[PDB]
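Taken in order, these protein sequences are the chains called A and B.
Going by the authors' numbering, the first sequence runs without a break in its numbering and finishes at 567.
Mapping of the second sequence onto the authors' numbering: residues 141 to 358, 360 to 461, 464 to 567, in sequence order.
Here a beta-carbon is modelled for each residue, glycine too, at the ideal position from N, C-alpha and C.
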Amino acid sequence: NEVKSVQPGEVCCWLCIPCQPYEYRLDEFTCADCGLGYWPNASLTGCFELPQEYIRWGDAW
Amino acid sequence: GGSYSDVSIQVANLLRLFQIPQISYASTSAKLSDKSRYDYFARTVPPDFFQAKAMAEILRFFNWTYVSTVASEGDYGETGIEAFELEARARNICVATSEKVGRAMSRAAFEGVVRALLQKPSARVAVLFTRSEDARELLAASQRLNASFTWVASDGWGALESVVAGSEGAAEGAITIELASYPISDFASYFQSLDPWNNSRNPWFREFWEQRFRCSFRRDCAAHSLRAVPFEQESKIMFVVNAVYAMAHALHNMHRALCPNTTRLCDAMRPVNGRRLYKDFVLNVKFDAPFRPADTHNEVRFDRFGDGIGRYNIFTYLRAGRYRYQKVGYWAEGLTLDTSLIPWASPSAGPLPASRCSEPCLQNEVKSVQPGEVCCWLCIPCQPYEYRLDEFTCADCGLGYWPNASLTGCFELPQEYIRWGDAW
Ligand SMILES: *[C@@H]1O[C@H](CO)[C@@H](O)[C@H](O)[C@H]1NC(C)=O
Ligand SMILES: N[C@@H](CCC(=O)O)C(=O)O
């Protein structure tokens, strides 16, 4: 879930930066956000549509 | 003898076996100062230990902290670049890339060296510590590929017109270093009177005449003369004369010590020994430098390592529409230079050329460097409720507090209530 931002002057060394919960990691160095109503896949490379929620009969309310 | 440091070192290794003294006039490598190995060598020029200081201080003056270096393979270039890298670290200057030039390099190799410099576009300043031919070829390669750098060169480039012939566009604006010297006036009238018909003792003069005036003795060579064309004296004429006079004075003092009653050679001096002349007489000479201008006080002498004194002049290359070299300052235990003479350093020309790894951080951001990185950094923004305490610290403003516009202080938030005028 983290992305790499390389420090200039040292290829080996890098900075790990965590991504927001709703963003997904498209490439090694950057992560993009899924669209509204979509949530990042467990791979953090895609988007799975969010289920539509409503009140149900079996709820305690 | 000895103009290139490599030649001087190779010759010195052989001469120490037979105890023959040697005085150089243009070799400035630092390796020759080790008297455990070269125990019969002296020179009238300073070592390259001070040229690195002068170059590094020139870079510091202009705030150029990311730089690339190019060196020539051999003793001179390698030792000079090592000294410069040591001196540069001391001043928080970092080297983006390092290149080397071999003894046999083709044009494609020079173009590859030029392309390798362009990989790091942040470092726009190239530091050359190289021989003259390598500098000429590198300038030609840069002209071919339409590349632009700011050159800082050592005395190998010096102030030769041959290096920048036909590559004026690429060489414009460069800064070079030369040994401090003056021109002697008898040599000008001596040289300008020479012609191949009377200067028969020099076997190499006719070839030079043909190359210079573009003629062939086999005829049309007698129309030309060296007086009609202008004469530009080379920089290190003074040092050759000084070396010859130093050797003459050493022999004169030795003769005065060993043959007191005669002016002709005596039997004691017949093989002129050789360990004695260097250990006693060569290193103890002191006299007025000949043919010097009357105001000056230059003297000829050697220190414990048989070296000279370190003073340098600094030049820039500019366009007047002819091109010319212009002196802008000097270095003798400290840099002095006039920025009015440099064109790109003048006001109304524009911003100064820049060479740095990282642009400064913003007002609200903080620098983050891996431990021990003095040149490069990363900007990390502070939290909205935190104020920049110093470079690497974002300090929490406090509860009920907001950071100041300066982001270096805190002010209390106004309270809220249900005012008499609300819709509620
Ligand atoms: C170099 O930077 C220092 C500090 O900002 C500044 O005082 C000086 O004027 C600068 N020199 C040049 C020539 O840019
Ligand atoms: N000092 C240079 C020689 C350059 C010159 O001849 O002026 C060297 O050690 O190679």
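Close-in-space but distant-in-sequence residues of the same chain around residue i (CB under 8 angstroms, 5 per side omitted)
i, result
"residue 529 of chain B", "537, 538, 539, 540, 546"
"residue 262 of chain B", "206, 236, 498, 499, 500"
"residue 552 of chain B", "530, 546"
"residue 146 of chain B", "214, 215, 216"
"residue 567 of chain A", "561"
"residue 336 of chain B", "345, 346, 349, 357, 362"
"residue 535 of chain A", "509, 510, 511, 512"
Proximal residues to residue i (C-beta, below 7 angstroms), its chain only, five neighbours per side dropped
i, result
"residue 250 of chain B", "277, 278, 281"
"residue 523 of chain B", "508, 509, 511"
"residue 485 of chain B", "457, 471"
"residue 517 of chain B", "232"
"residue 234 of chain B", "205, 206, 500, 518"
"residue 449 of chain B", "183, 184, 185, 186"
"residue 429 of chain B", "440"
"residue 256 of chain B", "237, 239"
Three-way DSSP call (helix, strand, coil) for residue i in this model
i, result
"residue 160 of chain B", "coil"
"residue 380 of chain B", "helix"
"residue 286 of chain B", "coil"
"residue 406 of chain B", "coil"
"residue 148 of chain B", "helix"
"residue 495 of chain B", "coil"
"residue 143 of chain B", "coil"
"residue 462 of chain B", "Residue 462 of chain B cannot be located in this model; chain B continues from 461 straight on to 464."
"residue 389 of chain B", "helix"
"residue 549 of chain A", "coil"
"residue 349 of chain B", "helix"
"residue 191 of chain B", "helix"
"residue 212 of chain B", "strand"
"residue 178 of chain B", "coil"
"residue 260 of chain B", "coil"
"residue 217 of chain B", "helix"
"residue 465 of chain B", "coil"
"residue 420 of chain B", "helix"
"residue 459 of chain B", "strand"
"residue 252 of chain B", "helix"
"residue 173 of chain B", "helix"
"residue 239 of chain B", "strand"
Heavy atom of ligand 2 within 7 angstroms of residue i beta-carbon
i, result
"residue 325 of chain B", "no"
"residue 178 of chain B", "no"
"residue 166 of chain B", "yes"
"residue 143 of chain B", "yes"
"residue 171 of chain B", "no"
"residue 295 of chain B", "yes"
"residue 216 of chain B", "yes"
"residue 298 of chain B", "yes"
"residue 377 of chain B", "yes"
Cβ neighbours of residue i in the same chain (closer than 6 angstroms, five flanking residues each side left out)
i, result
"residue 228 of chain B", "196"
"residue 367 of chain B", "332"
"residue 212 of chain B", "241, 270, 271, 274"
"residue 265 of chain B", "204, 207, 290, 498"
Check: residue i C-beta below 7 angstroms from any heavy atom of ligand 1
i, result
"residue 495 of chain B", "yes"
"residue 422 of chain B", "no"
"residue 232 of chain B", "no"
"residue 202 of chain B", "yes"
9 angstroms Cβ cut-off: residues of chain B touching residue i
i, result
"residue 524 of chain A", "The contacting residues do not exist; residue 524 of chain A stays about 13 angstroms from chain B at best."
Partner residues on chain A for residue i, Cβ-Cβ distance less than 8 angstroms
i, result
"residue 500 of chain B", "514, 515"
Closer than 8 angstroms at the beta carbon, the chain B residues around residue i
i, result
"residue 550 of chain A", "Here the premise fails: no neighbours, minimum Cβ distance about 23 angstroms."
Residues that residue i contacts on chain A, provided the C-beta gap is smaller than 9 angstroms
i, result
"residue 519 of chain B", "513, 514, 515, 516"
Handout entry: beta strand (DSSP E) runs wholly inside the stretch 264-337 of chain B, at least 3 long, in chain order
Key = Within the stretch 264-337 of chain B, the runs of beta strand (DSSP E) at least 3 residues long that lie entirely inside it are, in chain order, 265-269, 290-293, 315-319.
Problem - Runs of alpha helix (DSSP H) lying entirely within the stretch 476-546 of chain B, each at least 4 residues, in chain order - result: Those alpha helix (DSSP H) runs which fall completely within the stretch 476-546 of chain B and span 4+ residues do not exist here.
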